[PDB]
Amino acid sequence: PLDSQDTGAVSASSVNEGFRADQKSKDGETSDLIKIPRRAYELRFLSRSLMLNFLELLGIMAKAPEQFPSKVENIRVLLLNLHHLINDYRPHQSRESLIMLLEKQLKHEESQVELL
Amino acid sequence: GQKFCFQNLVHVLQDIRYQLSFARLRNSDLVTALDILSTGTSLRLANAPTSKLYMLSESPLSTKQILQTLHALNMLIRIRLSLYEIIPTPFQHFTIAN
Amino acid sequence: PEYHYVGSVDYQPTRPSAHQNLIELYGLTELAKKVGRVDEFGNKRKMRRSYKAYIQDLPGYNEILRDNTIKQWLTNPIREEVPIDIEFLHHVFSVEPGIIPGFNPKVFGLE
Amino acid sequence: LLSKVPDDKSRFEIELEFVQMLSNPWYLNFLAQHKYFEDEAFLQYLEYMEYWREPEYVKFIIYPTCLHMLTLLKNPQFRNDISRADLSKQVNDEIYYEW
Amino acid sequence: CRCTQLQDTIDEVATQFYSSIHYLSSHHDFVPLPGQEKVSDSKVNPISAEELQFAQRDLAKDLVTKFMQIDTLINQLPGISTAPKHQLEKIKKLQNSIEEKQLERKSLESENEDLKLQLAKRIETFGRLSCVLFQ
């Protein structure tokens, strides 16, 4: 397309979020009594959840194979959400990589000036 | 039908893995992008011997440049010759021309 | 405190299970007794590759031929009946006793 | 002299795709075998492809190689050697390695 | 770097899902019940019962280790503001900085090349003079 692909466009999106400028959210909620960053927690959560849904899948294979479509759908949305969210992480990473590059050019510049 | 079930599941899992590669996004190759700002793939040329042999420069030659090349060239023959090991004695007088 | 999509749908196991011996379940064991490689006493069951076992009963030397016409008679089945004029066929079928060349009665297999 | 029959939008979709073709070395080899480099009209159309280096336009191009390929093709001896199969394989292998 | 690799790890997990199930379906399953085991040996391509158990245990271990790796990578993950204002401002500072350093370099570089020309002339005098006089 003219812009990148959208997760809501492909299937249902399990969560939404936004972080303020120069501030990050972390809270203490109880599954194993975690006190850690909020985006990462939603992630870990989705992952352990995926693990469990797969265990389910194995079961429904050994007990009743024709039922799998439902469960593999569970799986699919879990993976797609994992990715959409990791994607939300990237633009900052691309920006900071550009930063490090510009920093390299400056370093070459000042070093070349002093050498001259 | 039960077997068909097993297989069918495997195919669905492959398919969603395919969609998975379609959904991830990878950090930009800024290097190539900046090279293409200047309209060449600087990488593919420098790297390649067949490029460098068949490469050809842009047609403008700065005539002030080529004078300065000449100056640096003559000057560089002076460098060479002063510290070039072997001059024949009939050649001992030389002019570093234009 | 609950993970998503876990136990969202309940399902009972599949109605017939592979783990059950289905030969017994659907009463094919008498069939297996009747057609299996091994007798129920343990002796081997010989089965002609051809259907000679049924031609064996019938008179005449009978060759086994391959003709897919009855299949075609099923692809293009015919209407309900055909007209039949006994008198005409009686007339048509009176034939003179003279011999017929090139035909042997081996097919009859009387002797 | 048949009257031109072009489309506006379509020919920039097309000229984008053509630049892409130029990225492929085997397409260059076939092109040379077909002696398309004999025609001066072609070479003027190449310079018309120079419009695709412009930022708003190059922002659209997908395979960077073509650009390089284009500057490579400005040497005619290069054209006769991309007629050659050996050099063709050399070029393909050179990308493959960069890749 | 980190983010792309973790992305690769979840992809690795999906691939492990269908790979695992397929491996298991592919390899021997015959179970006799009452009756005697019998195989279509060619199409079957059996594997040992012990080989089976060991292989599925191994498969479980591999998958759970993959999940642990994803978890620990999620911990490796440093929290960052989605807002780019801090980064953008840094960016602008660097650009201005390299701009002024480049101007300084340019001035000192023109003075450099002028100097170089001067010394080069004195050199040239020396070289021709020395050659002629000693030879």
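Only one of the listed residues (A:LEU46, A:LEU57) is more than 7 Å from every other protein chain (Cβ to nearest Cβ), within 18 Å of B:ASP15 (Cβ to Cβ) and surrounded by 20 or more Cβ atoms within 10 Å (Cβ to Cβ). That residue is A:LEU57. Checking D:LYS89, D:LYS59, D:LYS35 one by one, the residue that is at positive phi and not polar (S, T, N, Q) is D:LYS35 and no other. Residues in the range E:16-37 that are in contact with a helix residue (DSSP H, G or I) (Cβ under 6 Å, 6 or more places away or on another chain) and of a type in the set (S, T, N, Q) were compared, and the one that is nearest to A:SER47 (Cα to Cα) is E:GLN16. Residues in the range C:1-38 that are within 10 Å of chain A (Cβ to nearest Cβ) and among the polar types (S, T, N, Q): C:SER8, C:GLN12, C:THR14, C:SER17.
Scanning the range C:59-102 for residues that are closer than 30 Å to C:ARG49 by Cβ, loosely packed, with under 10 Cβ neighbours inside 10 Å and not acidic (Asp, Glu) gives C:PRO59, C:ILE64, C:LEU65, C:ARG66, C:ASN68, C:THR69, C:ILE70, C:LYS71, C:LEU74, C:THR75. A single entry from A:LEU55, A:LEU80, A:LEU43 fulfils the requirement of being in contact (Cβ under 8 Å) with a residue 60 or more places away in the chain and in a helix (DSSP H, G or I): A:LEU80. Within the range D:86-99, the set of residues being more than 8 Å from chain B (Cβ to nearest Cβ) and either in contact with a helix residue (DSSP H, G or I) (Cβ under 7 Å, 6 or more places away or on another chain) or not in a helix (DSSP H, G or I) (or both) comprises D:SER88, D:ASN92, D:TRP99.
Apart from one condition, B:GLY1 fits all of (1) touching a residue at least 12 places away in the same chain (Cβ under 8 Å); (2) more than 30 Å from the chain's Cα centre (by Cα); the exception is (1). Across the range A:1-18, the number of residues qualifying as in a loop (DSSP other than H, G, I, E, B), hydroxyl-bearing (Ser, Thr, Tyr) and at the interface with another protein chain (Cβ under 8 Å from one of its Cβ atoms) comes to 2.
Taken over the range A:86-113, the residue count meeting the criterion of being out of contact with any helix residue (DSSP H, G or I) (no Cβ under 9 Å at 6 or more places or on another chain) and surrounded by 15 or more Cβ atoms within 10 Å (Cβ to Cβ) is 1. Quick check on the range D:75-85: of everything there that is assigned to a helix (DSSP H, G or I) and closer than 11 Å to D:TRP26 by Cα, which residue is nearest to the other protein chains (Cβ to nearest Cβ)? Step by step, filter the range D:75-85, then rank; the result is D:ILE82.
Of A:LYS63, A:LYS26, which residue is farther than 18 Å from E:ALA14 by Cα and in contact with a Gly (Cβ under 8 Å, 6 or more places away or on another chain)?
Working: A:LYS63 fails: in contact with a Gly (Cβ under 8 Å, 6 or more places away or on another chain).
Testing whether each residue is farther than 18 Å from E:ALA14 by Cα and in contact with a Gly (Cβ under 8 Å, 6 or more places away or on another chain) leaves just A:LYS26.
The set of residues in the range E:30-79 being within 14 Å of chain A (Cβ to nearest Cβ), farther than 24 Å from C:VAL38 by Cα and either part of a loop (DSSP other than H, G, I, E, B) or touching a residue at least 60 places away in the same chain (Cβ under 8 Å) (or both) consists of E:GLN69, E:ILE70, E:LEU73, E:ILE74, E:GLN76, E:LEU77, E:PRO78, E:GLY79. Could you please let me know if B:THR39 is more than 14 Å from chain E (Cβ to nearest Cβ), under 32 Å from the mean Cα position of the chain (by Cα), on the phi > 0 side of the Ramachandran plot and surrounded by 14 or more Cβ atoms within 10 Å (Cβ to Cβ)? Here the answer is yes, as B:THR39 does meet what is asked. Taken as a whole, the condition of being more than 9 Å from every other protein chain (Cβ to nearest Cβ) and under 24 Å from D:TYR51 (Cβ atoms) applies to B:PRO60.
Pick from the range E:91-120 the residues that are within 16 Å of A:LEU101 (Cα to Cα) and exposed (fewer than 14 other Cβ atoms within 10 Å of the Cβ): which of them is nearest to the other protein chains (Cβ to nearest Cβ)? Looking at residues that are within 16 Å of A:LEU101 (Cα to Cα) and exposed (fewer than 14 other Cβ atoms within 10 Å of the Cβ), I get E:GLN95. For the range C:15-111, the helices (runs of 4 or more DSSP H) that sit wholly inside it and include 1 or more residues that are farther than 30 Å from A:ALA64 by Cα and among the hydrophobic types (A, V, I, L, M, F, W, C) are C:29-35, C:52-55, C:69-75, C:86-93.
Filtering the range C:62-84 for residues that are under 30 Å from E:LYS38 (Cβ atoms) and within 31 Å of the chain's Cα centre (by Cα) leaves an empty set. Taking the range D:67-90 as the range and being in contact (Cβ under 8 Å) with a residue 24 or more places away in the chain, surrounded by 16 or more Cβ atoms within 10 Å (Cβ to Cβ) and over 23 Å from B:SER59 (Cβ atoms) as the test, the residues that pass are D:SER83, D:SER88. Residues that are surrounded by fewer than 12 Cβ atoms within 10 Å (Cβ to Cβ) and of a type in the set (A, V, I, L, M) within the range B:1-32 comprise just one, B:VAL31. Whenever a residue of the range A:60-72 is at the interface with another protein chain (Cβ under 7 Å from one of its Cβ atoms) and over 10 Å from B:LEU9 (Cα atoms), its partners that are among the aromatic types (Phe, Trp, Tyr) and buried (at least 18 other Cβ atoms within 10 Å of the Cβ), lying with C-beta atoms within less than 9 angstrom and at least six residues away or across chains, give the pairs A:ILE60/A:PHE68.
As a convention, Cβ positions derive from the backbone with ideal geometry for all residues, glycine included, and neighbour counts pool all protein chains shown. Read-outs throughout are calculated quantities, based only on the coordinates presented, and are distinct from any laboratory measurement.
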